[PDB]
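Please read the structure below before turning to the comments.
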Amino acid sequence: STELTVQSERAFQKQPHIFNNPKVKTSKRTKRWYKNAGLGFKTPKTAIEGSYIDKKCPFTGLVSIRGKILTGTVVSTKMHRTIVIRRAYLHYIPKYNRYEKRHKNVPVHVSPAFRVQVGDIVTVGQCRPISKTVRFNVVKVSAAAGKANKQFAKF
Amino acid sequence: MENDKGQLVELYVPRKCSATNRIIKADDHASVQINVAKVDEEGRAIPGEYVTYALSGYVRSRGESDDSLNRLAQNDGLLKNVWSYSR
Amino acid sequence: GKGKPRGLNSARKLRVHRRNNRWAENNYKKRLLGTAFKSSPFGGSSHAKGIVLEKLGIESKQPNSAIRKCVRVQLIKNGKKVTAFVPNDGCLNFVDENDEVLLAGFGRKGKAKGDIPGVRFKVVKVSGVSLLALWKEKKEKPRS
Amino acid sequence: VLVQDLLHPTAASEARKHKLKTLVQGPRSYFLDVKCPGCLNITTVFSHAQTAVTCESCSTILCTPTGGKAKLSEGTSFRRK
Amino acid sequence: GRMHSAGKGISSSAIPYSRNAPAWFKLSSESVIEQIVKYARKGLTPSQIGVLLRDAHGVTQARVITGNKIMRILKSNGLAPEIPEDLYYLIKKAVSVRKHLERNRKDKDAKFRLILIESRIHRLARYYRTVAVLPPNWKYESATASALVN
Amino acid sequence: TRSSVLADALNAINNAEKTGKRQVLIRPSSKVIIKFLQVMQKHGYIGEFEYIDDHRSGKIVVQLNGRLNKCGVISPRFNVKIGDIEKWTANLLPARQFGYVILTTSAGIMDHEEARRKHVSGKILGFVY
RNA sequence: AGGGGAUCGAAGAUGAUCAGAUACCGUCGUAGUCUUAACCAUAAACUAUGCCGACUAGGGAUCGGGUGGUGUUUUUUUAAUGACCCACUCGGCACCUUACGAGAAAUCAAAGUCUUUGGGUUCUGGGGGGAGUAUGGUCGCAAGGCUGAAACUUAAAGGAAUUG
RNA sequence: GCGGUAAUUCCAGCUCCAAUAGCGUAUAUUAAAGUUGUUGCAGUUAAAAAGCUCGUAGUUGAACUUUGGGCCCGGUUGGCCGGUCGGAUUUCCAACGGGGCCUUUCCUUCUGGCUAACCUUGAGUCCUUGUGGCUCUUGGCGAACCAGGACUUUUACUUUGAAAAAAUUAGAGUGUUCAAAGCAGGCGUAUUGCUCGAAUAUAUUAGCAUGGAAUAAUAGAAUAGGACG
RNA sequence: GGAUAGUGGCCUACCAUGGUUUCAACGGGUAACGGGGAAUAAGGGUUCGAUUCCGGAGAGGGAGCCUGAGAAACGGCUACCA
Ligand SMILES: [Mg+2]
Ligand SMILES: [Mg+2]
Ligand SMILES: [Mg+2]
Ligand SMILES: [Mg+2]
Ligand SMILES: [Mg+2]
Ligand SMILES: [Mg+2]
Ligand SMILES: [Mg+2]
Ligand SMILES: [Mg+2]
Ligand SMILES: [Mg+2]
Ligand SMILES: [Mg+2]
Ligand SMILES: [Mg+2]
Ligand SMILES: [Mg+2]
Ligand SMILES: [Mg+2]
Ligand SMILES: [Mg+2]
Ligand SMILES: [Mg+2]
Ligand SMILES: [Mg+2]
Ligand SMILES: [Mg+2]
Ligand SMILES: [Mg+2]
Ligand SMILES: [Mg+2]
Ligand SMILES: [Mg+2]
Ligand SMILES: [Mg+2]
Ligand SMILES: [Mg+2]
Ligand SMILES: [Mg+2]
Ligand SMILES: [Mg+2]
Ligand SMILES: [Mg+2]
Ligand SMILES: [Mg+2]
Ligand SMILES: [Mg+2]
Ligand SMILES: [Mg+2]
Ligand SMILES: [Mg+2]
Ligand SMILES: [Mg+2]
Ligand SMILES: [Mg+2]
Ligand SMILES: [Mg+2]
Ligand SMILES: [Mg+2]
Ligand SMILES: [Mg+2]
Ligand SMILES: [Mg+2]
Ligand SMILES: [Mg+2]
Ligand SMILES: [Mg+2]
Ligand SMILES: [Mg+2]
Ligand SMILES: [Mg+2]
Ligand SMILES: [Mg+2]
Ligand SMILES: [Mg+2]
Ligand SMILES: [Zn+2]
């Protein structure tokens with residue numbers, strides 16, 4: 001999320017150990033740092049362009065993505081800098097030789113590099129424990145808006 | 001119904017209703033077999049020479065015994081225009 | 001198809017219906033309600049040892065006409081009182097109220113046996129010496 | 001029955017069936033060119049109008065709707081094409 | 001069939017096998033497209049236009065002479081109504097039924113048929129809402145429907 | 001509403017032979033029906049069929065002889081792992097020698113014995129004998 | 001809760017019958033029956049038979065719509081009409097005969113196209129009593145509705161048909 | 001169901017049956033049970049279709065979008081032959097599979113590394129009247145995957161494979177005297193060792209890896225805010 | 001930020017209002033340690049596994065802690081309850 005005035009906390013936000021010497025008159029005004037997550041996941045330009053300060057970002061922060069990579073559809077965007085996705089799957093009962101619809105919701109951190117809204121399929125990647133429940137991080141958006149621009153007024 | 005070294009086993013290859021090509025079993029005492037004579041030059045039905053058709057009991061019960069014969073005897077020769085392939 | 005959803009993703013509906021309809025199964029019902037533990041003088045066990053209160057002349061049901069010799073027993077582990085049969089002509093001379101008999105099921109899954117009304121148990125031992133043995137001559141009943 | 005041609009049905013027993021039960025379904029209505037000699041020009045009318053068709057120039061009449069085929073009005077010619 | 005009754009009538013158009021011309025039919029796609037927009041300008045429903053062109057004209061069906069459906073012709077030519085006409089006539093009837101019911105609270109039968117009409121209304125709307133032709137919040141409201149049609 | 005277009009095709013054919021007929025009109029002629037009809041005539045349980053072309057889903061006319069006992073469809077197109085095809089043929093085929101269960105694999109719609117040759121599997125469609 | 005209260009009439013009172021006769025039959029007649037405003041939500045609410053779709057068999061009636069006519073009748077001057085007749089075709093309520101088929105049978109064009117067992121889907125039942133009882137929940141002004149056990153008991157209960 | 005005075009059921013004698021170092025009983029559970037029915041039940045009247053209709057969740061859901069034809073490579077059974085001192089491969093033949101092509105035909109995609117295969121051919125030719133045959137460099141095949149950049153509609157199913165404890169199970173070898181077992185053992189110069197073993201299979205949901213592209217979903221270009229350069 | 005060997009509402013402060021659910025959350029029951037496995041032999045299943053191996057938990061019931069690489073140890077200590 002984080003929207004407008006990154007310096008909005010009691011503690012000054014900053015990237016760790018990314019020093020900017022004031023004696024040397026610079027034009028970028030803040031030496032910024034970013035990494036490439038890996039597995040061919042494009043580190044989106046908004047992470048390099050933007051000036052957010054999220055330390056749980058997989059592109060600008062101090063987490064790493066390793067292990068399971070999962071996808072799922074977004075079902076709530078009501079938490080700040082974190083969402084919840086619904087991953088669906090059919091589960092097999094042998095005795096009847098048929099299936100049943102099951103599902104699990106996965107809480108997943110989302111860097112302000114991405115702008116998400118409910119309905120979007122998203123690719124997440126497992127990282128270290130981020131919070132009490134978050135064990136995945138949003139890493140690539142597969143939808144755009146779920147045909148939102150094609151829902152305008154009369155012709 | 002052969003066996004390992006070709007020898008014909010399992011007696012009694014049954015008949016077959018020429019209208020349905022289904023089997024005419026033993027106890028099918030409702031079936032039939034119709035012998036048609038072989039007429040020659042100027043009358044003279046040849047005795048002992050037949051054009052035989054066999055019909056199941058199921059066909060004759062359903063009434064199709066008549067209509068099915070017209071079709072079977074016509075294209076086998078002994079009918080001039082009576083039967084119709086269209087309706 | 002008459003009822004049962006034949007769909008390939010209808011397993012939940014098919015499981016739950018089974019679950020539900022098992023309850024009409026008399027045995028499945030008892031097994032999950034733990035009836036043997038709740039009801040059923042025996043705690044769910046094969047036998048149960050108890051103590052003789054009084055010797056009863058239970059009169060057989062129709063069309064039979066007899067006096068079936070039985071004993072009212074107060075089970076040790078339970079205190080539950082139970083009237084139980086003493087089979088084998090004689091054998092009511094062996095019991096002698098206040099004694100310690102070993103009851104057993106009658107072999108009808110509850111369900112009192114025969115012309116004997118409301119007797120779901122039979123005696124197998126008294127004073128720890130095997131009713132059968134006393135009947136023949138093999139053992140003798142202990143001191144007191 | 002029990003053996004017949006379902007591919008080449010006779011033109012009569014076919015013609016008598018319902019418009020949907022023919023071998024390949026098709027309409028049984030038609031169009032027609034109607035004209036009263038008061039005018040020079042013709043007007044193509046549908047056989048089951050539902051709309052009382054009026055002609056080109058004058059506020060005249062041509063036909064009234066019914067349950068089915070339109071009742072063509074007073075003396076007028078027609079042809080099925 | 002008959003989603004809201006028990007009748008089983010089979011009664012449809014037998015569309016001709018000939019997908020191209022009548023071939024005794026004259027004037028061009030220009031001729032009838034112009035003729036469609038003409039009636040659409042009067043305000044006729046795409047159905048009325050199709051019937052008025054079937055009888056008084058030689059337009060057996062407008063999809064043949066012109067490669068476009070009548071509703072799509074009005075759309076392109078900026079005559080597309082706010083809501084589809086079936087959902088219009090459903091809402092239209094629902095209002096009329098309701099206007100009758102508010103005047104006769106003793107008419108159990110009309111209260112019934114209202115439910116049947118409205119249930120089709122809500123189901124149709126859900127379809128149109130799924131295919132983006134209605135904003136993804138559109139809802140039929142009794143207190144606002146009579147404003148929507150008349 | 002019509003659910004398995006294949007089911008209707010096969011039941012019409014079974015009700016045909018049972019009634020002693022030699023032909024049937026079937027509706028409405030999906031691809032899989034043809035691909036099913038074609039497997040039957042490969043092993044001679046029907047003669048030739050003709051696709052008649054309305055400008056709709058289509059119609060078919062099948063000419064059947066007398067060899068067909070019962071051609072059936074399996075309502076849920078169950079999955080069959082290659083170690084279960086024998087379990088299917090065993091349940092619903094009159095013997096080991098003859099009869100075919102026809103299933104649907106990635107390598108095409110094909111009777112079980114062919115599907116054993118190419119060594120591929122998938123969902124089960126129906127059976128012919 | 002108003003109004004209405006002719007009629008018939010739970011209740012009650014009677015006359016008779018009966019060993020008795022709180023009944024059947026007769027008399028009187030309260031509530032009710034009718035209506036408005038609100039409740040109640042049950043009937044052998046029945047076809048004791050779910051819905052959507054496919055296929056499978058002959059027959060003549062009738063209902064509604066439609067198509068066909070050098071058909072009949074209404075005459076005016078020939079029509080137009082209207083009613084009627086004949087053939088067809090959809091969709092009705094049914095009936096008749098068959099049974100390939102099904103069923104334990106009675107019977108059933110579905111209750112058929114099932115051990116050659118799979119079109120989609122909903123609901124209920126699992127020996128008889130106990131018992132639609134106890135308990136809790138919930139709805140109702142009430143009466144009661146819906147949801148709804150167990151212990152114990154029991155070898156039968158039951159269905160259709162056959163002979164008596 | 002027997003027993004109320006000739007008891008084929010009780011109490012015994014006699015004789016007889018069944019299983020037998022074992023046999024009965026009680027309780028539980030499994031089979032019989034298609035009386036829990038996915039396979040596979042029943043519901044007119046035997047137990048069972050809600051009084052009726054709407055209807056959300058659930059389950060389900062019409063048809064149609066590269067088919068058809070042509071060429072090539074090399075596999076595994078089976079035949080008619082056996083060349084050879086039980087088994088062998090060529091040529092002749094079918095039969096059933098796999099790979100790759102050209103038919104308007106993404107194979108994600110460019111930038112080199114590499115080339116295995118020929119439109120190649122540079123000479124001819126072991127040799128059956130020669131396209132039977134391969135060693136063989138100087139113009140001319142991409143995909144066979146490396147690695148670096150740039151991107152990718154989603155799934156279900158099925159194939160194969162990796163990853164995988166032992167005991168248990170199924171199962172091989174082996175004469176614990178047999179067998180349940182065990183994992184031994186078997187050969188000699190049995191006076192200074194020889195030597196076979198201690199297999200194989202199942203390991204099913206999920207996850208990983210790979211081939212397939214039927215069946216069944218999903219997404220796309222309609223106020224063009226489209227597609228390539 | 002503190003605390004931990006370290007991640008983490010693990011704890012604190014500040015701020016926000018979120019998190020789960022008929023695809024059954026939450027609650028109740030279990031005469032419930034989980035698994036390799038066991039019994040029953042057409043198949044599909046049904047029932048069982050305290051118990052020879054693996055994993056977990058405990059040491060009368062709770063809590064606390066010393067030593068130490070490793071214990072919240074009990075044939076270690078301290079306290080309360082029995
Ligand atoms: Mg928040
Ligand atoms: Mg019940
Ligand atoms: Mg007593
Ligand atoms: Mg409906
Ligand atoms: Mg009805
Ligand atoms: Mg219909
Ligand atoms: Mg209509
Ligand atoms: Mg009155
Ligand atoms: Mg009285
Ligand atoms: Mg009196
Ligand atoms: Mg009284
Ligand atoms: Mg009722
Ligand atoms: Mg009735
Ligand atoms: Mg009929
Ligand atoms: Mg009969
Ligand atoms: Mg008795
Ligand atoms: Mg005597
Ligand atoms: Mg005697
Ligand atoms: Mg005697
Ligand atoms: Mg035994
Ligand atoms: Mg199955
Ligand atoms: Mg039953
Ligand atoms: Mg009854
Ligand atoms: Mg009943
Ligand atoms: Mg009913
Ligand atoms: Mg309801
Ligand atoms: Mg489909
Ligand atoms: Mg595998
Ligand atoms: Mg925090
Ligand atoms: Mg709150
Ligand atoms: Mg549940
Ligand atoms: Mg426990
Ligand atoms: Mg357990
Ligand atoms: Mg069972
Ligand atoms: Mg255990
Ligand atoms: Mg225990
Ligand atoms: Mg411990
Ligand atoms: Mg102790
Ligand atoms: Mg301790
Ligand atoms: Mg100790
Ligand atoms: Mg210890
Ligand atoms: Zn005019």
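Ordering of the structure tokens sets the chain letters (A, B, ...), residue numbers begin anew at 1 in every chain, and ligands are numbered from 1 in the order given.
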- Task: Could you give me, as a PyMOL selection string, each residue of chain A that DSSP assigns to strand (DSSP E) when run on this structure's backbone?
- Result: chain A and resi 69-79+82-93+98-109+121-126+136-141
Residues near residue E:148, cut-off 12 Å, only C-alpha atoms (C1' of nucleotides), skip fewer than 6 positions along chain, as an mmCIF file with N, CA and C atoms, in the first residue's frame:
data_model
loop_
_atom_site.group_PDB
_atom_site.id
_atom_site.type_symbol
_atom_site.label_atom_id
_atom_site.label_comp_id
_atom_site.auth_asym_id
_atom_site.auth_seq_id
_atom_site.Cartn_x
_atom_site.Cartn_y
_atom_site.Cartn_z
ATOM 1 N N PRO E 81 -29.751 1.162 -26.758
ATOM 2 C CA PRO E 81 -30.450 1.580 -25.538
ATOM 3 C C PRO E 81 -29.642 1.267 -24.288
ATOM 4 N N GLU E 82 -30.084 1.863 -23.178
ATOM 5 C CA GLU E 82 -29.358 1.739 -21.917
ATOM 6 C C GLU E 82 -29.279 0.286 -21.466
ATOM 7 N N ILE E 83 -30.409 -0.411 -21.471
ATOM 8 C CA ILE E 83 -30.450 -1.814 -21.073
ATOM 9 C C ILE E 83 -30.999 -2.639 -22.232
ATOM 10 N N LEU E 87 -34.625 -7.372 -20.948
ATOM 11 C CA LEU E 87 -34.587 -6.873 -19.579
ATOM 12 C C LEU E 87 -35.428 -5.618 -19.412
ATOM 13 N N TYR E 88 -35.635 -4.861 -20.486
ATOM 14 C CA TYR E 88 -36.541 -3.718 -20.431
ATOM 15 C C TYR E 88 -37.985 -4.179 -20.271
ATOM 16 N N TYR E 89 -38.446 -5.049 -21.176
ATOM 17 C CA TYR E 89 -39.835 -5.502 -21.142
ATOM 18 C C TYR E 89 -40.139 -6.321 -19.897
ATOM 19 N N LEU E 90 -39.138 -7.010 -19.348
ATOM 20 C CA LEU E 90 -39.317 -7.667 -18.061
ATOM 21 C C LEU E 90 -39.586 -6.638 -16.971
ATOM 22 N N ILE E 91 -38.704 -5.643 -16.857
ATOM 23 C CA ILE E 91 -38.887 -4.581 -15.875
ATOM 24 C C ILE E 91 -40.183 -3.830 -16.138
ATOM 25 N N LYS E 92 -40.479 -3.571 -17.410
ATOM 26 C CA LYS E 92 -41.713 -2.884 -17.773
ATOM 27 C C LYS E 92 -42.927 -3.623 -17.224
ATOM 28 N N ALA E 94 -43.000 -5.983 -14.854
ATOM 29 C CA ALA E 94 -42.931 -6.034 -13.400
ATOM 30 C C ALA E 94 -43.553 -4.791 -12.782
ATOM 31 N N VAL E 95 -43.219 -3.616 -13.313
ATOM 32 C CA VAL E 95 -43.815 -2.388 -12.799
ATOM 33 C C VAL E 95 -45.329 -2.431 -12.955
ATOM 34 N N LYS E 139 -28.545 -3.441 -10.205
ATOM 35 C CA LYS E 139 -29.550 -4.208 -9.494
ATOM 36 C C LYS E 139 -30.918 -3.616 -9.803
ATOM 37 N N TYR E 140 -31.906 -4.492 -9.953
ATOM 38 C CA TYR E 140 -33.286 -4.066 -10.140
ATOM 39 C C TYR E 140 -33.914 -3.787 -8.781
ATOM 40 N N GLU E 141 -34.367 -2.559 -8.572
ATOM 41 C CA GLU E 141 -35.036 -2.181 -7.337
ATOM 42 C C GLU E 141 -36.457 -1.749 -7.663
ATOM 43 N N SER E 142 -37.424 -2.275 -6.908
ATOM 44 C CA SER E 142 -38.822 -1.911 -7.118
ATOM 45 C C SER E 142 -39.019 -0.403 -7.061
#
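Within the 12 Å cut-off around residue H:109, using only C-alpha atoms (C1' of nucleotides) and omitting residues fewer than 5 positions from it on the same chain, the listed residues are residues 149, 150, 151 and 152 of chain H.
Closest approach to chain B from the set F:17, F:111, F:53, F:48 is made by F:17, with distances taken over only C-alpha atoms.
Here atom CA of residue E:35 and atom CA of residue E:76 stand 14.5 Å from one another.
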- Item | 8 Å contact set for stretch 61-72 of chain H, only C-alpha atoms (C1' of nucleotides), chain neighbours under 6 positions out, as a count of residues only | 14
- Query: Got a sec to check which residues lie within 9 Å of ligand 41, using only C-alpha atoms (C1' of nucleotides) and all ligand atoms, and send them as a list in words?
  - Reply: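 For ligand 41, the residues inside 9 Å are residues 59, 73, 74 and 75 of chain I.
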- Option closest in space to chain H, from A:27, A:97, A:76, A:117 [counting only C-alpha atoms (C1' of nucleotides)]: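 Between A:27, A:97, A:76, A:117, the residue approaching chain H most closely is A:97.
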- Item | Neighbour list for residue B:47 as a list in words, cut-off 8 Å, only C-alpha atoms (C1' of nucleotides), skip fewer than 3 positions in-chain |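 In the requested format, the answer is residues 37, 38 and 50 of chain B.
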Residue selection dump (N, CA, C and O atoms) as a tab-separated table (two decimals), in the first residue's frame:
chain	number	residue	atom	x	y	z
B	37	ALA	N	-40.32	-71.90	-54.06
B	37	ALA	CA	-40.01	-72.80	-55.16
B	37	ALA	C	-39.16	-72.10	-56.22
B	37	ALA	O	-39.03	-70.88	-56.26
B	38	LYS	N	-38.58	-72.91	-57.10
B	38	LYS	CA	-37.72	-72.42	-58.18
B	38	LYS	C	-38.40	-72.73	-59.51
B	38	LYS	O	-38.12	-73.75	-60.15
B	50	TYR	N	-35.07	-74.85	-53.60
B	50	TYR	CA	-35.76	-73.84	-52.82
B	50	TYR	C	-34.90	-72.60	-52.64
B	50	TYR	O	-33.66	-72.67	-52.65
